[PDB]
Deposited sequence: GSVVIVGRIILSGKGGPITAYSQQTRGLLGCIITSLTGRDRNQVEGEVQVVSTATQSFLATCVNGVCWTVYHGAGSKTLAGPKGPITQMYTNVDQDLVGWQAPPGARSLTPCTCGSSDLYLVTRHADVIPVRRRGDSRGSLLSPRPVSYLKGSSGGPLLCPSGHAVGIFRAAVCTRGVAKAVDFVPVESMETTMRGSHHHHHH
């Protein structure tokens, strides 16, 4: 079935965010089977779900990007029917669909800010190409459902999308992400 937008996170001085639900469980299941989603889209970050899992998608330069381990090869439910992936890069764990019209695109970009599923903004320190550390460690449960979420620079430009957390005893210390560069490498 399709990936279905079930909510959104709208981003803002310092970086703030809030979440808004747009779909319920049943409408999620049905929209997944039809691929037809007639709802208005808003914001830079979409909350997305299949019938078995949910996660995040980030709009960067007119492409709505997420993790392959969340979305697999699936279409995104859209106003004219299902939307085929424009990019499908399995080795990078990256996929993208053309961004639906109303979505707000971020533009590409070392103190970074991770935006979680609950619309908390948490400081991250870049530690190389595709890894960052959490400046204030939190339980990994606090990051549940945030895969595909954006890593921002202080001006709110996009640095990458969040992929996995490195954990010790249930505490997340580091985040693994897909760099905005890998989106550019993918795009050509």
Worksheet item: If you line up the deposited sequence with the model, which stretches have no C-alpha coordinates?
Response: 13-15, 113-116, 196-203
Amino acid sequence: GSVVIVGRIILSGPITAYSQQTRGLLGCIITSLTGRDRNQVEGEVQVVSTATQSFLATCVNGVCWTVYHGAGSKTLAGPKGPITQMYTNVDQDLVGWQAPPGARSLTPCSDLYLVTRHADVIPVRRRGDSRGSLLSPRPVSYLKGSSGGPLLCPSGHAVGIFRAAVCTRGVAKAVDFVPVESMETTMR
From here on, numbers count along this sequence of modelled residues.
Practice prompt. For the higher mean C-alpha B factor in the entry, choose 158-166 or 52-60.
Written response: 158-166
Worksheet entry | Higher-B stretch (mean Cα B-factor, as the entry records it), 70-78 or 85-93 | 85-93
Practice prompt. Would you mind ranking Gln40 by its C-alpha B-factor against the rest of the chain and naming the third, lowest, middle or highest?
Written response: middle
Fill in: Chain third (lowest, middle, highest) by recorded CA B-factor, residue given as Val47
lowest
Item to complete: Quick one: classify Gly149 as lowest, middle or highest third of the chain based on its Cα B-factor.
Response: lowest
Practice prompt. Pull the Cα B-factor of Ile30 out of the PDB entry and bin it into the chain's lowest, middle or highest third.
Written response: lowest
